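Below is one structure, written out as structure tokens, with a few remarks after it.
Sequence lines set the chain letters: A, B, ... in the order given, protein chains first and strands last, and positions in each chain run from 1.
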Amino acid sequence: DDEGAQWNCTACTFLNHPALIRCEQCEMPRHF
Amino acid sequence: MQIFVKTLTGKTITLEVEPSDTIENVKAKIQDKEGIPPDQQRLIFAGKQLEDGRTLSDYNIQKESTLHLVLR
Amino acid sequence: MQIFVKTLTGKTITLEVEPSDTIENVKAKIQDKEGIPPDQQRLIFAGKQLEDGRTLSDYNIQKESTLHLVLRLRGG
Ligand SMILES: [Zn+2]
């Protein structure tokens, strides 16, 4: 499917759902 | 019980719910409050998408938990 | 044993802990070193948020592991 894999936040390492573009824990953007 | 539902656009919706509410019920409450049809809603907590037939308690969602709402 | 806690601002805190220490205990040690109340702390390890009532051993946190600290006020 289009969304791909869960992503580990660069800032805190939390493993995020691929539909989110900001970290669920620390709110930092996935991409920068 | 108060929970927060954060949208992709940075809005924090505040809902009154019960731990025994189903995910389906939570989507219905979001519909009532915000006007978003339930079939357009995806709810996420602790990195995972929540399923309609489960309850908030099944996911250990409690007072002042933050869910994330993504639209189809 | 020693473990490390990394902050969002990139800094590394060194703690001395035991495997039988609870996550709650670890947050108290962070308060000691950094002045941050435990109710403002979330700890992340292996991509997951750690629960206060579990021990380091419960999460297989062994010597020289790195946890990540996120400041976010706990619910009431
Ligand atoms: Zn993060």
Side-chain angles (χ1 to χ4, degrees), chain A residues 6 9 11-28, chain B residues 1-38 40-71, chain C residues 5 7-8 21-31 34-56 58-59 61 67-76:
Chain A
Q6 293 168 319
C9 176
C12 77
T13 78
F14 187 72
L15 188 64
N16 283 281
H17 190 281
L20 297 191
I21 63 175
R22 287 171 181 94
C23 181
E24 181 174 347
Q25 300 294 150
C26 74
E27 311 191 12
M28 297 290 286
Chain B
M1 184 168 89
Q2 181 182 63
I3 62 171
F4 306 105
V5 179
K6 176 72 144 301
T7 68
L8 281 173
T9 70
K11 174 165 189 176
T12 301
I13 303 163
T14 303
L15 285 185
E16 199 66 37
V17 294
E18 302 298 334
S20 54
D21 279 337
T22 56
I23 300 307
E24 176 190 351
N25 291 344
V26 176
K27 293 177 175 172
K29 289 174 175 283
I30 290 168
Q31 175 173 47
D32 284 355
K33 187 178 256 142
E34 302 292 316
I36 306 164
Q40 298 297 302
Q41 303 179 33
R42 307 165 64 195
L43 289 168
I44 290 150
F45 181 72
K48 311 287 220 302
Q49 185 176 129
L50 309 178
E51 288 305 307
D52 273 0
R54 305 301 222 296
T55 64
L56 295 175
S57 59
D58 287 334
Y59 295 105
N60 207 197
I61 288 160
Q62 51 191 35
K63 169 177 65 65
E64 291 164 17
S65 286
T66 301
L67 286 48
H68 299 257
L69 173 68
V70 173
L71 300 192
Chain C
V5 179
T7 72
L8 223 67
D21 284 342
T22 60
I23 298 308
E24 187 186 22
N25 293 335
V26 174
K27 293 179 173 172
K29 294 170 184 287
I30 295 170
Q31 178 176 35
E34 303 297 321
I36 305 297
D39 74 0
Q40 282 178 217
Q41 299 180 34
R42 292 189 172 191
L43 289 170
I44 312 303
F45 179 72
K48 286 161 45 178
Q49 185 179 180
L50 305 180
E51 296 291 297
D52 281 355
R54 302 293 182 180
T55 62
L56 293 176
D58 282 340
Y59 283 113
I61 294 169
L67 314 190
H68 285 80
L69 175 66
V70 177
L71 301 195
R72 175 107 162 269
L73 203 56
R74 160 141 97 131

Ignoring hydrogens, what is the shortest heavy-atom contact between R22(A) and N16(A)? Give both atom names and the distance.
O-OD1, 4.3 Å
Set of side chain to side chain donor-acceptor pair (under 3.5 Å) partners for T9(B), sequence neighbours left out:
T7(B)
Please lay out, stage by stage, how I36(B) and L69(B) fare under the test side-chain contact (heavy atoms from CB on, under 4.5 Å).
CA-CA 11 Å; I36(B) 306 164; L69(B) 173 68; 3.9 Å; yes
Donor-acceptor pair, side chain of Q6(A) and main chain of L15(A), under 3.5 angstrom:
no
dist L50(B):CG -> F45(B):CZ (nearest 0.5 Å) comes out at 8.0 Å
Can you name the nearest heavy-atom pair linking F14(A) to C23(A), along with the distance?
CB-SG, 4.0 Å
How long is the gap from SG on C9(A) to CD on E27(A), to the nearest 0.5 Å?
10.5 Å
Holding to side-chain contact (heavy atoms from CB on, under 4.5 Å), I want the full list of residues that pass it with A46(B), two or more places apart in sequence or in another chain.
none
Separation of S65(B) OG from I3(B) CD1 (nearest 0.5 Å)
7.5 Å
Residue pairs involving residues 3-25 of chain B (criterion salt bridge (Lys or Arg N to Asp or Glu O under 4.0 Å); sequence neighbours excluded):
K11(B)-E34(B)
About how many Å separate CE of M1(B) and CD of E64(B), when rounded to the nearest 0.5 Å?
10.0 Å
Roughly how far, to the nearest 0.5 Å, is CG of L8(C) from SG of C26(A)?
4.5 Å
Heavy-atom distance under 4.5 Å between the side chains of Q31(B) and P37(B), does that happen here?
yes
CD1-CD1 distance between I23(B) and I61(B), expressed to the nearest 0.5 angstrom:
5.0 Å
Does the pair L67(B) and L15(B) meet the rule for a side-chain contact (heavy atoms from CB on, under 4.5 Å), with working shown?
CA-CA 10 Å; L67(B) 286 48; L15(B) 285 185; over 6 Å; no
Give me each pair satisfying salt bridge (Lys or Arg N to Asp or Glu O under 4.0 Å) with a member in residues 36-56 of chain C, each pair once, sequence neighbours excluded.
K27(C)-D52(C)
Residue list, side chain to side chain donor-acceptor pair (under 3.5 Å) with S57(B), at least two apart or on another chain:
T55(B)
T22(C): side chain to side chain donor-acceptor pair (under 3.5 Å) partners, not counting sequence neighbours:
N25(C)
Report, as yes or no, whether the 6.0 Å neighbourhood of atom CE on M28(A) holds more than 12 heavy atoms from other residues, nucleotides or ligands.
no
Decide yes or no on side-chain contact (heavy atoms from CB on, under 4.5 Å) for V26(C) and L56(C), but give the supporting numbers first.
CA-CA 9 Å; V26(C) 174; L56(C) 293 176; 4.0 Å; yes
Would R72(C) and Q25(A) count as a side-chain contact (heavy atoms from CB on, under 4.5 Å) if you check the C-alpha gap in whole Å, the side-chain angles of each, and the deciding distance to 0.1 Å?
CA-CA 8 Å; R72(C) 175 107 162 269; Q25(A) 300 294 150; 4.1 Å; yes
